[PDB]
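Given next, in structure tokens, is a single chain: the form deposited in one PDB entry.
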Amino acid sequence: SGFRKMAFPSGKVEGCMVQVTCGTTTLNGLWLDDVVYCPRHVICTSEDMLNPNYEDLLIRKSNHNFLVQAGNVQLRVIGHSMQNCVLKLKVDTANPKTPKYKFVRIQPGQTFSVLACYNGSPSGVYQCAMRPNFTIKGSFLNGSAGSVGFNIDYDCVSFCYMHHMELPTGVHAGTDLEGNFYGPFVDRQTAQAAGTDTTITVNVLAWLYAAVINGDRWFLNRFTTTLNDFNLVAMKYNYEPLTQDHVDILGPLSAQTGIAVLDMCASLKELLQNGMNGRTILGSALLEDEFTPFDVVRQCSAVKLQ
């Protein structure tokens, strides 16, 4: 029992992290087969970051201006190219530790594990969600760029995030592994702001189910609301609107608990309007929105009476 924000074991991704130097800048890269992926702003100097012309910066480079290290093993760079906001370095050696992998672009509300790295070395792992404003509420310092987010299904690693920068409100932005940014952000050291961040309603509901399964049930109401009725309250408290597809996703959690989904919505409604009266839910004083319904299912398996 118990219920924790849990990250995937990071060993497979650790086997892919390398150090990428260009000029005087070191950050992290991802070594898959014979390609190293990393943020293109590794070619900037500290003078270049207000409005870099990345094409112009890159034609000034050659393979000799990149140093890639996989641990103490040197990787000879034999090609480079720029795809959107990621640099792809071709190297003379395919990574023998390459897992089965995919590149996927996740939707807001979906979670993933982050392996934070500095100078090519894994430093920590933790669980994150793509927020509705396309930021990540992470923990990153200077030198973390090129850290990646991922999920593991079976033995296949789905890479979904590569980290580029920190917005001044203390949240983080980055790209998929094809280099397309999540959200309206660009890789420059300019003034940009996260949009208003809303709460992921479906995930809050899944977390409440997790609380019920683990015995925390003080907040339930035998009351049924409607989708339209709930959504009026949702917009008042800056919650993502709830769709019928959200209700479908929560069907299995609903069967295991014997609490219908619109009952749980009425329970969540009452928490929004009245607060939690000084009690906690799963050790938390806030409504938690970074567990997906699948994340809850993996961690709270139960017998079904038939």
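C-alpha atoms forming the largest set that superposes within 1.5 Å between two forms make up the rigid core. Position 1 is the first residue in the sequence shown; the rest follow in order.
Participant: Can you let me know which of the two, 218 to 226 or 84 to 92, has the higher average C-alpha B-factor in the entry?
Facilitator: Comparing averages over the C-alpha atoms only gives 218 to 226.
Participant: Averaging the C-alpha B factors as listed in the entry, name the stretch that ends up higher: 261 to 269 or 29 to 37.
Facilitator: Taking the mean B-factor of the alpha carbons in each, 261 to 269 is higher.
Participant: Considering only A173, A145, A234, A206, which residue's Cα atom bears the greatest B-factor as recorded?
Facilitator: Checking the PDB record, the top C-alpha B-factor among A173, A145, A234, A206 is at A234.
Participant: Which one, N53, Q69, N277, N65, has the peak C-alpha temperature factor per the PDB entry?
Facilitator: In this record, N277 carries the highest C-alpha B-factor of the candidates.
Participant: Sort the modelled residues of this chain by their C-alpha B factor and say whether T198 lands in the lowest, middle or highest third.
Facilitator: Highest third.
Participant: Against its chain's modelled residues, does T21's Cα B factor rank lowest, middle or highest third?
Facilitator: Its C-alpha B-factor belongs to the lowest third of this chain's values.
Participant: Select lowest, middle or highest to describe the third in which the CA B-factor of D295 falls within its chain in this entry.
Facilitator: Top third by C-alpha B-factor.
Participant: Quick one: classify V125 as lowest, middle or highest third of the chain based on its Cα B-factor.
Facilitator: Lowest third, going by the recorded CA B-factors of the chain.
Participant: Could you say whether, by C-alpha temperature factor, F185 belongs to the lowest, middle or highest third of its chain?
Facilitator: Its C-alpha B-factor belongs to the middle third of this chain's values.
Just so you know, the form deposited in another entry exists too; it's not on screen, but the next bit is about it.
Participant: Quick one: with the rigid core lined up, which of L58, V35, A260, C44 moves its CA 2 Å or more between the shown form and the other one?
Facilitator: The displaced C-alpha is that of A260.
Participant: Rigid core aligned, does the Cα position of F134 differ by 2 Å or more between the shown form and the other one?
Facilitator: Stays below the 2 Å threshold, so no.
Participant: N214: with the rigid core matched between the shown form and the other one, does its Cα shift 2 Å or more?
Facilitator: Yes, its C-alpha moves 2 Å or more.
Participant: Please say whether, between the shown form and the other one, the C-alpha of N228 moves by 2 Å or more once the core is aligned.
Facilitator: Yes: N228 shifts by at least 2 Å between the shown form and the other one.
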